[PDB]
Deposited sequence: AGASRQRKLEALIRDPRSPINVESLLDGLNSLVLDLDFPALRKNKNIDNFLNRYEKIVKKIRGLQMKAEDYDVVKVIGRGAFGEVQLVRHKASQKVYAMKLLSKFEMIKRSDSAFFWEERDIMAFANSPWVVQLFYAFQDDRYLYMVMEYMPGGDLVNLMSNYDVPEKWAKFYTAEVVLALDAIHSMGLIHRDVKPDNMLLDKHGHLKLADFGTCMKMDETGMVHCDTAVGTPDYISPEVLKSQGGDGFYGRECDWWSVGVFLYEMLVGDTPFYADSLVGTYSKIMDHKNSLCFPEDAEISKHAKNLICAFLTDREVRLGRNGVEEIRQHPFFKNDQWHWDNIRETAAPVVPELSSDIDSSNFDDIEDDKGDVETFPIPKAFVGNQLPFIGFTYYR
C-alpha cells in the first residue's frame, strides 16, 4: 500500500549507507546552491528565484553542519598527490584526530574523482584493527575532509630511515602487513599500491594501513580490469596499464616481497635513477632481482623474497594466504598469527602527550576553480560524501 511504500522509502533514507540518506540529500542541495550562485547564471530567472528562497536556510544549514572551523590545526604531518594531512584537535570535545584534506580542484582537474568512495567506505565500515578508522567525513567549497584516528607512531618510511631493521623485526612487520592485506582482500578489495608510506604505526607500534586511493573492488572471478611511481608495482599491474589487462590479489603479495627486501637490504630491489629504469628492471625481474654480497640475509628470508617476486602464475599466494603464513621464515618464539597484534611490538614510540608528532617529519610550503559563465557542476561528483558516525 501507500503506507507500505512510505515505510520502504523511509528505510532508504535512514540507512546511513544509502545514497539518498539525509546527509547526501543535504549535500545535494548544498552542491546545487554552490554550483548556481554566480552572477552570470543569476541572469536566469529560474536560478535567481531558486537561490532567493534557499540562500538563507543554506547559510544556516552550513553553520549547523560540521566544518573546518570546529578543528584547531596543531601541525601538518603529511603531504600527498591530491592534498595534505593535519594533526587536529576538535575544539568542543578537545579530542585529537588526523584530518586528511583532498583538493576538489586537483581531483577534478587531474581527473581521478572516484577513488575516495572506497577509501571512505573502507575507513568507516572496515571494522578492523588493521585499518585506520574514519570518524567523520565532510566538505566545504574547496576540500573534502576525512577525520581519522591519529597514528602517533609515524610510518615505516620513517622507521627504516631511523633504524637498521634486523630479521626478527622484519618477520613482525611483514606478518602484520600480510594480516592487514588479508583483511582488505576479505572485504573484496585489491589494494594495488602497498608501500611503507601507507603503513602507519599505532600508539603501541602496531601496524594499520592508511591510504586507499588505489583500492578497487574485485569481480566474481577475483580479477580487476581498469598509475604511480612503480617501485612496488608488480609486472602484471604494470603491463595492465597498457590498454586493458586483468589482475588479482596476488599483485599485493608482490609488493609485500618488495617491502621485505627493502627492510633487510636497505634499498628497493628494483631501484633505478629514472622511472623508466625502475619500470624496465621490474619487467626484467627474473634477471634483475639480485641481493648484494654485503647484505647478511638468511636463506628463509631470501627464499620468501624470491617466492613473492616472481611471475603471477607461480607467486606465493595464488593458492591462498595459508602457504605465505606457514613459510619457515615466520617461525619465531615471540608471537603467533592468531595473537600477533597483542604481543610486544619491535619499536614502541616514547610520546609525551596526545598531540606529540615527533615521529613525523616537518612539512614546508592556492588556486581554485574559475568563476564560470555556464553551468559546469564541479560539486556534483562530491554529493553523498558527508558521513557522521
| item | value |
| --- | --- |
| Deposited positions without coordinates, collected into consecutive stretches in sequence order | 227 to 229, 369 to 372 |
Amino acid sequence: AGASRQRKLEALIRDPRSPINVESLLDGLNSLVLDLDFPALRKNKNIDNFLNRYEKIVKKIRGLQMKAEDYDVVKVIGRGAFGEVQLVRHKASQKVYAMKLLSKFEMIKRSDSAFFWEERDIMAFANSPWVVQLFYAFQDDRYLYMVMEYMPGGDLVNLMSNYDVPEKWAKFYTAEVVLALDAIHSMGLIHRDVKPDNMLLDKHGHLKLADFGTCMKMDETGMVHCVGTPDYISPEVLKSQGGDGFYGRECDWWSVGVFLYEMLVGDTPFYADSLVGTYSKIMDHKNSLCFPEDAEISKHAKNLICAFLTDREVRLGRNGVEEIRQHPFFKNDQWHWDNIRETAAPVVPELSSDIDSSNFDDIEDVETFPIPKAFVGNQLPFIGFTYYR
From here on, numbers count along this sequence of modelled residues.
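Only the largest set of C-alpha atoms that superpose within 1.5 Å between the two forms is called the rigid core.
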query	finding
Farther-lying stretch by C-alpha RMS in 7 other deposited structures of this protein, rigid core as reference, of 110 to 118 and 178 to 186	110 to 118
More shifted region, core-based fit in 7 other deposited structures of this protein, 269 to 277 vs 251 to 259 by CA	269 to 277
Flanks modelled, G154 absent in at least a third of other entries	no
Unmodelled in at least a third of other entries of this protein, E10	no
Mean Cα B-factor comparison, 241 to 249 or 94 to 102, giving the higher one as deposited	241 to 249
Between 215 to 223 and 228 to 236 (mean CA B-factor, as deposited), the higher	215 to 223
Top Cα B factor in the deposited entry, candidates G80, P292, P196, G154	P292
Identity of residue with top Cα B-factor, from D202, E296, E149, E262	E296
Where the record places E313 (Cα B-factor, split into thirds across the chain)	highest
Third assignment of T368 from its chain's C-alpha B-factors	highest
Third of the chain's Cα B-factor distribution that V58 belongs to, per the entry	highest
CA B-factor ranking of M107, expressed as a third of its chain	middle
CA B-factor placement of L36, once the chain's modelled residues are sorted into thirds	middle
